[PDB]
*Asks:* 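Quick one: the structure is below, questions incoming.
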Amino acid sequence: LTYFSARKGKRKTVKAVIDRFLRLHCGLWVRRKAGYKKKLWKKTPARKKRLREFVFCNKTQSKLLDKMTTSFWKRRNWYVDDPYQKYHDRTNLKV
Amino acid sequence: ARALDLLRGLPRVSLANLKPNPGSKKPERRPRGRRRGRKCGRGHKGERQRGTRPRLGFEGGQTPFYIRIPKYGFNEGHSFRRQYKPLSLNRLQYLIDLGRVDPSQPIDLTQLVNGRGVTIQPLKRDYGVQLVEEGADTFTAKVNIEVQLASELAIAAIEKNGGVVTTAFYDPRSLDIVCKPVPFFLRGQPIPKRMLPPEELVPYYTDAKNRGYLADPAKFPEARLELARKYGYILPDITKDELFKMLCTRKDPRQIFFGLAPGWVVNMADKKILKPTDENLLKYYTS
Amino acid sequence: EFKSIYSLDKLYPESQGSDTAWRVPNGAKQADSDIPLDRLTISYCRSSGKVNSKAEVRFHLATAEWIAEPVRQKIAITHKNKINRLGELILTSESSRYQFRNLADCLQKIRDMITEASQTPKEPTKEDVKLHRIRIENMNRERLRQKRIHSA
Amino acid sequence: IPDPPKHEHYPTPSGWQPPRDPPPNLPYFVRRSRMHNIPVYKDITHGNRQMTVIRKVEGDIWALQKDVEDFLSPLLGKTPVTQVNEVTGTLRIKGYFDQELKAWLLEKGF
Amino acid sequence: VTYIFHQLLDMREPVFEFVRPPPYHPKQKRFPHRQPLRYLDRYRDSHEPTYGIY
Amino acid sequence: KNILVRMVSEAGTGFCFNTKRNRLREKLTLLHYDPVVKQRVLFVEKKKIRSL
RNA sequence: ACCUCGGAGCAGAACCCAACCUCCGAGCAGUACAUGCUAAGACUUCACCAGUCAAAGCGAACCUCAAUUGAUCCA
Ligand SMILES: [Mg+2]
Ligand SMILES: [Mg+2]
Ligand SMILES: [Mg+2]
Ligand SMILES: [Mg+2]
Ligand SMILES: [Mg+2]
Ligand SMILES: [Mg+2]
Ligand SMILES: [Mg+2]
């Protein structure tokens, strides 16, 4: 994944991860379901409703994506009207 | 202390007596010996022991997880979105109470940074400070503050104690200049004129409800009265105040600093200020 | 001192006064709907920190002269479930954790009650979720009323 | 960092309060951070270990340990788990007690 | 009933309310795998923005 | 044999939905719920794109 | 000769369980067009991806079938 670049000696990031996933500052990664816009004419409304969901990733997948991205994508952002602003923090979680 | 009394004995400290704190220096593990050699932690043959293991994200040939998922514009224009550092009312009250930024003078971005209540990053796309209502109650400050964004509850809370809040705009260059003025002064450049807000921020900063710095002051009292009526706590008249002159300082647009004007040059050594006559320069720096 | 071509005086030549943005329109904005805050007792007391402060506004409804006589009686009739022993109307708010917003909601409740009881020709929309059972019970109750003589 | 101004009545809004003069007659002493706060900090190493750190202790620290145990035993129902560091005069406590310890030390006048 | 409480029992009238048990949610996971984005909404107390140290 | 067609409403314009239709049968006019007007309106088959 | 999916046995009574093992099948079809929208709590083909069920609620009347299938990019 180019741990060391030939120009700066820096770690690089896989841009497919950035194009496909969103990282909340707590450490959670959000993805879209596969096939959520393919052949909707053979799918039931419940299946399509569960396909339209934004879902969380595994612990293993989260660590893999953290390895595949650089620390720039893990900083705390303060956008103006972020629809995911309230999801960047964890509440009432115990160990 | 008993420690120096102990040291009164205890032969003198030299370079032959030094020793690290236990736990700081973890011991290195070398591949020599029976336990750590003969395979050196690599296991038996295959790609593992030979080091030619496939790249991270590869899953043996099956379509990987990070490619199976459909693309979605989560971080589409992330480098162009604007960001604002939150400044809470309770943090502002704490700053005021601890001898930091002084309410007796207008409070703006440079004052907040010099008091070190906020750290603004012009790179990483921060457009200033946004005011939030975390400490709306138990907030007795009486300040004249200038921010870039503010909630209506924060506006009500500040206006409620006899203070004035206004909402201004800064382009990234003026943001850097106003956050770190001293490096700009050492740069040697004449003070530029602050730029107007973008076409989408124009209706925000020309709206008297957000206390925008480009809105007509003929609608400020009615909006202040409306906020006071919505939230109780009748609106105080600040014209009869002893600090009304200080509260009135408004810091004209295209003027990044208070007493300074665009086009001036600051000479920090041999302290003085240079003014650009040849009135073509005046026309450029005023228009 | 410095003024650019975007100075406020040139942007809005009519509003050139020094105190034009701070003068209070108390002379004209003195209608009967101002809800004099002095005559409302507002208490801020519920054990916050469940982090939701409580707004409690109470006022003697009978002696509320700022509300007209017929709307006052209509409010007393239609909100009799909120009148304490001493006759004062009680309104509370829990929507937010800011006492500012809680008081705002209480004041909005007061204004809505006043301006709803003022306009009596409002048409009550029918509901059949909770009161259908009550009305059927009342009908089958009134069905049992038939002698000739009784008093008190 | 400027010295905080002389307020007429304490505690100030936001709950700040200066240390009292003269210093309390105690076997130990707890200095204030450079910004005049109580040096009690939350700490989390793993995803589980919640601890509090009382950092700028000066004098003997075993008396402070005794006082902290006597203060937090009723609140916990058991004696608190504690580590003493004399060389770096800090006191580590298992669990989150930052606000309780800040109020307690303020009441003792540090 | 309210005037009975007014002048007969010379007491302040009590009012009751039929409440229900709080909804059951499982123990919150650090990684809620395959749960919708609204999973995090079942564990908040106040639905208002928070800014911790800022 | 059976063809998937697109059905477009008249009122609540812009809302379409795909349904399976036998090829030999005439074009469909159906009552269907239109969420942008929150009531059942007519839908007329237009622009068939599928063959199953 | 086979490569994907489902039913039965082997595999007798929670689950799982191989075989170039024994046998059947599938790559559709038919009917409404609320086959609308949301949302607790669960199951899960031993991972993941996929897949499955569903209270309450908002609206509106007062679903059969076993498999019947194809990710991403891109168009
Ligand atoms: Mg050997
Ligand atoms: Mg070998
Ligand atoms: Mg091998
Ligand atoms: Mg292949
Ligand atoms: Mg730590
Ligand atoms: Mg499973
Ligand atoms: Mg239902």
Side-chain angles (χ1 to χ4, degrees), chain A residues 14-21 29-65 68, chain B residues 56-73, chain C residues 127-130 132, chain E residues 20-29 31-44 47, chain F residues 1-10 12 15-25 27-46 49-52:
Chain A
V14 192
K15 286 309 190 70
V17 170
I18 284 319
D19 272 8
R20 280 158 231 257
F21 302 89
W29 288 87
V30 198
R31 75 162 175 96
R32 294 221 73 171
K33 297 289 297 204
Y36 87 93
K37 57 189 179 314
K38 287 225 66 53
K39 314 194 231 311
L40 315 186
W41 66 265
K42 33 179 46 192
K43 300 175 162 62
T44 85
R47 172 171 194 186
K48 294 188 283 189
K49 198 252 191 303
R50 79 180 53 127
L51 277 180
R52 290 191 298 270
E53 307 266 17
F54 298 72
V55 292
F56 294 108
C57 309
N58 241 335
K59 177 216 201 125
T60 285
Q61 292 157 350
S62 313
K63 316 294 163 133
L64 171 77
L65 299 169
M68 272 172 136
Chain B
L56 187 72
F58 195 75
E59 328 204 318
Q62 145 195 310
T63 312
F65 165 80
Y66 81 115
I67 299 268
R68 265 184 110 81
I69 297 326
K71 271 183 180 193
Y72 187 76
Chain C
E127 54 181 354
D128 56 17
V129 175
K130 304 99 175 166
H132 189 330
Chain E
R20 304 200 195 244
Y24 158 79
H25 300 298
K27 183 165 158 182
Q28 190 177 359
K29 292 159 138 87
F31 288 101
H33 180 222
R34 303 184 57 131
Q35 293 291 316
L37 195 50
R38 64 183 172 277
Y39 166 101
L40 296 183
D41 283 328
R42 313 148 183 172
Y43 300 102
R44 343 166 154 279
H47 282 59
Chain F
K1 180 167 214 248
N2 285 341
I3 271 43
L4 183 90
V5 307
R6 172 174 339 165
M7 321 264 310
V8 199
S9 55
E10 301 62 2
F15 184 75
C16 317
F17 83 92
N18 316 342
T19 181
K20 134 174 82 163
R21 182 205 99 195
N22 195 317
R23 151 185 325 300
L24 292 174
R25 143 175 37 181
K27 307 260 272 205
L28 321 192
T29 302
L30 260 58
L31 281 163
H32 191 89
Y33 173 53
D34 205 331
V36 301
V37 296
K38 289 147 272 303
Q39 65 135 321
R40 256 166 298 117
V41 296
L42 270 189
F43 279 71
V44 155
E45 158 175 335
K46 277 289 167 30
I49 302 264
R50 185 53 175 149
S51 293
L52 55 144

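Chain letters run A, B, ... following the sequence lines, proteins first and then strands; every chain starts at 1. We use all heavy atoms of the structure for the numbers below, so side chains are in, but hydrogens, waters and symmetry mates are not.
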*Asks:* With a 4.0 Å cut-off on heavy atoms, is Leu30(F) in touch with a base, just the backbone sugar-phosphate, or nothing at all?
*Replies:* base

*Asks:* Tell me whether the side-chain N/O atoms of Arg20(A) come closer than 4.0 Å to OP1 or OP2 in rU72(G).
*Replies:* no

*Asks:* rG51(G) phosphate, OP1 or OP2: any side-chain N/O from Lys43(A) under 4.0 angstrom?
*Replies:* no

*Asks:* Does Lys1(F) have a side-chain nitrogen or oxygen under 4.0 Å from the phosphate oxygens OP1 or OP2 of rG30(G)?
*Replies:* yes

*Asks:* Is there a side-chain polar atom (N or O) of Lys48(A) under 4.0 Å from OP1 or OP2 of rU35(G)?
*Replies:* no

*Asks:* At less than 4.0 Å, is any side-chain N or O atom of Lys71(B) found next to OP1 or OP2 of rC73(G)? Yes or no.
*Replies:* no

*Asks:* Does a side-chain N-to-carboxylate-O contact under 4.0 Å join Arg38(E) and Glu53(A)?
*Replies:* yes

*Asks:* So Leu42(F), base contact, sugar-phosphate only, or nothing? Heavy-atom distance under 4.0 Å.
*Replies:* nothing

*Asks:* Could you check whether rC58(G) pairs with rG36(G) (Watson-Crick or G-U wobble, each of the two distances under 3.5 Å)?
*Replies:* yes

*Asks:* Would you say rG6(G) pairs with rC49(G) if a pair means Watson-Crick or G-U wobble with both distances under 3.5 Å?
*Replies:* no

*Asks:* If you check every side-chain atom of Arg40(F), which of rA61(G), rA29(G), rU72(G) has the closest atom?
*Replies:* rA61(G)

*Asks:* Do the side-chain N or O atoms of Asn2(F) get closer than 4.0 angstrom to the phosphate oxygens (OP1, OP2) of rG30(G)?
*Replies:* yes

*Asks:* Sign of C1'-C2'-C3'-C4' at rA39(G): does that make it north or south?
*Replies:* north

*Asks:* Counting any heavy atom closer than 4.0 Å, what does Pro70(B) reach on the DNA or RNA strands: base, sugar-phosphate only, or nothing?
*Replies:* sugar-phosphate

*Asks:* Is the ring pair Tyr39(E)/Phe56(A) parallel, tilted or perpendicular, if the boundaries are 30 and 60 degrees?
*Replies:* perpendicular

*Asks:* Identify whether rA42(G) and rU52(G) are a Watson-Crick or G-U wobble pair (both distances under 3.5 Å).
*Replies:* yes

*Asks:* For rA67(G), what is the paired nucleotide under Watson-Crick or G-U wobble rules, both distances under 3.5 Å?
*Replies:* none

*Asks:* What do you reckon, do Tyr33(F) and the base of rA34(G) stack, with centroid distance below 5.5 Å and planes below 30°?
*Replies:* yes

